[PDB]
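Note that ligands are numbered from 1 as they come in the structure, with each ligand's atoms numbered from 1 the same way. Chain naming here is simple, since letters A, B, ... match the order of the sequence lines and numbering starts at 1 in each.
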Protein chains: 2
Amino acid sequence: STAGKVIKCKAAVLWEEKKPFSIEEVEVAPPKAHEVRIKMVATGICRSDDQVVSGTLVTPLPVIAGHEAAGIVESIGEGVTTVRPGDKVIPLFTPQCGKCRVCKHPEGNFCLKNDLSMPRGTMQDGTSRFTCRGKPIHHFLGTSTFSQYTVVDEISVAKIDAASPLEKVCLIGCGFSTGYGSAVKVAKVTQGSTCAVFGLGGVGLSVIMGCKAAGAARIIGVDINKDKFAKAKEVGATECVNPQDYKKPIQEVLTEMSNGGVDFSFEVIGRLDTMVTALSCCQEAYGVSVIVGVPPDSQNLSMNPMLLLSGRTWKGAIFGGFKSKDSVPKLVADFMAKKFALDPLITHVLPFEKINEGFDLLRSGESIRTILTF
Amino acid sequence: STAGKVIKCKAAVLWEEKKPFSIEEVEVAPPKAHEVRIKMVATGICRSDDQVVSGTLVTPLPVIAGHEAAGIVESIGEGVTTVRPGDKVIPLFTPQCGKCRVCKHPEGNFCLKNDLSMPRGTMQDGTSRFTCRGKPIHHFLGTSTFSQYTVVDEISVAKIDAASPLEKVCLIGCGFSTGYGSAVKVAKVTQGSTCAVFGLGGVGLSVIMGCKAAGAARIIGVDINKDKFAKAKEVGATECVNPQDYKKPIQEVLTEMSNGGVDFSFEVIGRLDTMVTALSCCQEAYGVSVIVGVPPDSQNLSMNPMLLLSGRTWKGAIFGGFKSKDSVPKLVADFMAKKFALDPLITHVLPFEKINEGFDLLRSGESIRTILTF
Ligand SMILES: NC(=O)c1ccc[n+]([C@@H]2O[C@H](COP(=O)([O-])OP(=O)([O-])OC[C@H]3O[C@@H](n4cnc5c(N)[nH+]cnc54)[C@H](O)[C@@H]3O)[C@@H](O)[C@H]2O)c1
Ligand SMILES: NC(=O)c1ccc[n+]([C@@H]2O[C@H](COP(=O)([O-])OP(=O)([O-])OC[C@H]3O[C@@H](n4cnc5c(N)[nH+]cnc54)[C@H](O)[C@@H]3O)[C@@H](O)[C@H]2O)c1
Ligand SMILES: CCCCCCCCCC(=O)O
Ligand SMILES: CCCCCCCCCC(=O)O
Ligand SMILES: [Zn+2]
Ligand SMILES: [Zn+2]
Ligand SMILES: [Zn+2]
Ligand SMILES: [Zn+2]
């Protein structure tokens with residue numbers, strides 16, 4: 001009987017850029033019409049949550065960040081039909097309203113109700129469900145998973161299998177689905193192709209998993225941190241290259257290695273220069289390059305459009321191109337059926353209260369995904 | 001007989017940038033092994049030829065330019081198997097060797113034997129068949145059609161229907177096939193879609209023809225020259241807009257007109273600014289933008305990669321993505337079977353001796369295609 005009552009609980013509040021999270025008591029309002037309040041069970045530390053701290057991914061502060069998570073419904077607002085109290089759920093940082101021109105399109109997933117293109121840090125109704133020290137606190141991407149309890153819009157949550165291990169399937173809420181979908185859905189990697197993956201973190205390892213699932217013959221991992229190469233090979237890389245080892249730019253190295261350019265390249269870092277390098281290294285007539293990394297706010301890249309004129313395709317995607325609410329329950333079902341592995345992504349486990357230690361592990365280069373448990 | 005002998009004939013020589021063509025006698029050597037000497041019958045004036053004069057498309061000078069043409073085989077070198085003397089032919093500025101990794105790929109057409117990516121201005125053997133006033137003269141894109149006679153490599157020529165009208169089907173050598181293919185093969189325009197076409201010259205009108213053939217519901221022509229709008233509507237534009245008429249940038253105008261962005265946009269001008277505008281005006285989640293225009297030499301554009309991260313596809317192509325030697329005869333057969341029209345592209349038909357007057361018509365905005373007749 002917390003239904004319809006304010007809940008006091010602990011959250012990780014970010015008051016200022018480039019500062020530690022503050023673990024402290026917040027007030028979580030009850031859900032309004034078509035809103036869902038979730039008791040969080042596990043949440044991943046994604047580089048995009050660090051980009052909020054760095055100020056390179058801009059969203060209003062102060063904020064409760066976190067977007068890669070799983071929990072159990074505590075209560076539903078009036079009119080909710082797609083979840084019930086006690087259901088296991090994954091918050092959807094890319095919503096699926098099911099009504100807009102994008103949700104109706106066979107290949108769109110970037111639903112027009114998203115809080116990604118022009119972040120306001122609110123619920124759909126333009127208000128916050130979070131108070132801290134008597135001050136309103138922003139939401140993040142309509143999810144805000146660094147909290148014992150959050151409130152999300154119904155279009156931002158999916159019901160998943162009741163037997164789901166939530167400390168694993170939280171990765172379906174971001175890094176696994178993003179990287180796997182970038183390969184199998186956005187690029188549509190083909191059997192016997194040569195792929196180059198720039199960045200061997202949680203999301204780039206998931207791209208490798210998707211390239212290997214699609215039957216690529218060669219998967220070249222690219223990272224400046226050679227410590228990332230062993231796990232990249234475990235999940236399917238056939239060879240790994242560190243740009244720092246070479247006198248020549250890595251686009252020239254990769255073009256040589258692939259006897260004239262790769263079939264598919266993926267930027268999975270978030271840098272302007274590696275976005276251009278990744279486009280250049282794909283074959284000039286028929287190559288495809290996919291941007292997955294989140295570039296720094298309000299910065300333009302410079303490129304030569306002759307790279308496109310010869311025949312290259314350049315595209316990007318959020319969340320692996322998956323329509324979120326249709327896709328997340330299916331991805332969980334496929335995980336339960338052993339169609340892909342999540343354990344290779346999980347290098348560390350900590351209690352939520354050690355969230356700062358989890359960010360330090362990511363920043364040091366030591367972790368892939370740290371999973372925090374509430 | 002001319003076979004096996006040097007031919008002295010008339011050609012339009014470009015001795016240096018930003019000067020008129022010089023119409024004078026050149027010597028055309030006989031074809032070597034796997035080469036074809038063609039008597040030219042008609043050639044079109046394409047903006048790319050003007051870009052060589054402007055210096056914004058770089059190729060070695062002095063040069064015989066011209067790449068959009070048709071003629072009749074005068075003689076064949078040893079080892080030629082695909083054409084014979086007397087055949088009607090179209091030179092292929094994009095070759096099709098049939099042997100390279102691109103020619104073997106189902107979606108590639110930018111054959112590695114091309115003289116487009118690093119223009120040398122020669123035959124495949126690295127020599128020139130042209131002299132003028134005792135100086136060697138460069139080839140252009142392996143074609144050089146501003147000459148009563150040219151010599152091309154076999155991989156740079158297609159045999160066409162003996163009954164085809166060369167004064168019309170010369171456009172299948174560049175402008176028609178480029179525009180049409182950019183719509184139907186590269187973009188793969190869908191039935192009921194909304195398309196935006198930037199530039200309503202010969203290639204942009206051919207893009208409109210392809211979008212209409214593909215069943216687009218709306219085709220928005222964009223040009224700063226409103227005199228181009230009447231013919232754009234004749235061949236299928238549903239509306240035309242002049243950016244100079246608006247206070248707001250045209251990407252904003254086209255996003256509003258299309259209720260959130262177009263399905264397909266095409267840059268058919270060759271400006272960096274319009275390439276970015278065209279990408280921006282396509283819907284952010286599922287839009288596709290195709291670069292057809294040839295951008296100015298050695299100049300980079302600046303763009304915000306978030307345009308791609310939301311889901312846009314950005315791609316370019318040469319010659320409408322068509323594998324040139326397979327496609328050109330089929331396009332001529334389809335023209336003979338009334339599957340498309342070429343007359344709407346032809347505004348002027350001049351003798352070859354009036355080449356300079358033909359270029360002045362293009363530069364002044366008066367013409368679409370001028371066809372020069374030998
Ligand atoms: N498109 C989406 O929906 C989506 C989802 C999830 C993450 N992201 C972004 O994807 C990117 C990767 O996220 P992640 O895997 O969690 O991050 P991560 O774990 O930091 O991995 C990035 C990897 O890139 C490596 N790296 C850094 N700089 C360079 C360089 N200059 N050259 C070659 N390698 C380099 C780095 O060593 C690290 O292993 C970040 O930009 C995220 O913000 C996008
Ligand atoms: N990709 C290929 O294989 C290929 C083949 C043929 C042509 N080209 C290029 O395609 C482009 C078009 O060729 P074309 O149709 O012969 O040329 P064109 O006949 O000069 O047509 C270009 C049109 O662009 C219009 N225009 C110029 N500036 C602007 C502007 N700022 N805003 C809006 N409209 C503008 C201009 O008024 C004209 O009607 C040129 O860049 C060619 O070099 C590429
Ligand atoms: C990517 C290299 C492109 C070179 C294009 C040379 C001109 C092709 C013919 C044309 O555009 O009319
Ligand atoms: C198209 C603008 C999107 C920028 C923000 C993307 C953040 C989503 C979460 C993630 O990347 O891990
Ligand atoms: Zn929607
Ligand atoms: Zn993420
Ligand atoms: Zn070839
Ligand atoms: Zn041309």
Side-chain angles (χ1 to χ4, degrees), chain A residues 45-51 56-57 68 93-104 108 110-114 155 174-175 177-179 182 198-206 222-225 227-228 242-244 250 267-271 273-274 277 291-295 309 316-320 362 365 367-369, chain B residues 45-51 56-57 68 93-94 174-175 177-179 182 198-206 222-225 227-228 242-244 250 267-271 273-274 277 291-295 309 316-320 362-363 365 367-369:
Chain A
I45 295 169
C46 172
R47 178 67 68 168
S48 299
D49 297 303
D50 189 53
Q51 290 217 53
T56 51
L57 174 60
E68 181 176 79
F93 76 77
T94 303
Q96 185 176 355
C97 75
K99 293 172 174 203
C100 72
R101 199 168 65 172
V102 176
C103 286
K104 296 214 161 179
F110 193 67
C111 173
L112 290 162
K113 300 283 198 188
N114 75 81
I155 60 165
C174 186
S177 305
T178 296
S182 296
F198 289 72
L200 304 175
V203 183
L205 292 172
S206 300
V222 187
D223 204 299
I224 55 173
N225 183 355
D227 295 349
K228 298 293 167 171
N242 179 348
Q244 298 176 334
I250 199 73
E267 202 278 15
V268 202
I269 305 160
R271 297 171 54 94
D273 57 356
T274 44
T277 292
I291 303 178
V292 186
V294 169
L309 190 65
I318 294 295
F319 197 55
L362 180 70
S367 55
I368 298 292
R369 285 297 203 258
Chain B
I45 298 173
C46 169
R47 183 59 76 166
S48 296
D49 301 298
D50 187 53
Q51 291 216 53
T56 54
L57 177 52
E68 181 180 82
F93 73 81
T94 308
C174 182
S177 305
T178 295
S182 298
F198 290 71
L200 305 173
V203 184
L205 291 171
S206 302
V222 185
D223 206 299
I224 57 170
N225 183 355
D227 295 346
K228 302 297 174 175
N242 181 345
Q244 293 167 349
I250 201 70
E267 201 276 11
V268 202
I269 303 165
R271 296 176 53 95
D273 57 0
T274 44
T277 289
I291 301 176
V292 186
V294 169
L309 192 62
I318 296 295
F319 198 53
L362 179 65
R363 294 163 182 153
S367 58
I368 301 291
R369 285 296 204 258

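Under the 4.5 Å side-chain criterion, counting only non-hydrogen atoms from C-beta, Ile45(A) is not in contact with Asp50(A). Side-chain contact between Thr178(A) and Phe319(A) is present, with at least one heavy-atom pair separated by less than 4.5 Å. Between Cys111(A) and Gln96(A), the closest side-chain pair of non-hydrogen atoms is not below 4.5 Å. Counting heavy atoms from C-beta on, the side chains of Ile250(A) and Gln244(A) never come closer than 4.5 Å.
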Which atom pairs, nitrogen or oxygen on both sides, join ligand 2 and the protein at under 3.5 angstrom?
unit_1   : atom_1 : unit_2    : atom_2 : d
ligand 2 : 1 (N)  : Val292(B) : O      : 2.9
ligand 2 : 1 (N)  : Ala317(B) : O      : 3.1
ligand 2 : 3 (O)  : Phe319(B) : N      : 2.8
ligand 2 : 15 (O) : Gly202(B) : N      : 3.3
ligand 2 : 15 (O) : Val203(B) : N      : 3.1
ligand 2 : 16 (O) : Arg47(B)  : N      : 3.2
ligand 2 : 16 (O) : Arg369(B) : NH1    : 2.9
ligand 2 : 20 (O) : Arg47(B)  : NE     : 2.8
ligand 2 : 20 (O) : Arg47(B)  : NH2    : 3.0
ligand 2 : 37 (O) : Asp223(B) : OD1    : 2.6
ligand 2 : 39 (O) : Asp223(B) : OD2    : 2.7
ligand 2 : 41 (O) : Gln51(B)  : NE2    : 3.3
ligand 2 : 41 (O) : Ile269(B) : O      : 2.7
ligand 2 : 41 (O) : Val294(B) : N      : 3.1
ligand 2 : 43 (O) : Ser48(B)  : OG     : 2.7
ligand 2 : 43 (O) : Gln51(B)  : NE2    : 3.1

Dump the intermediate steps for side chain to side chain contact (heavy atoms under 4.5 Å, CB included) on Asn114(A) and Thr94(A), then the final yes or no. CA-CA 6 Å; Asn114(A) 75 81; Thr94(A) 303; 5.6 Å; no

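Our summary of the site lists the angle at the Zn ion (ligand 5) between SG of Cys111(A) and SG of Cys97(A) as 100°, to the nearest 10 degrees. Around the Zn ion (ligand 5), the angle linking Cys100(A) (SG) with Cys103(A) (SG) is 110°, rounded to 10 degrees.
Looking only at distances, a side-chain donor or acceptor of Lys228(A) sits under 3.5 Å from a matching main-chain atom of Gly365(A).
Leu57(A) contributes atom CG, which lies 12.5 Å from atom CZ of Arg47(A) (distance to the nearest 0.5 angstrom).
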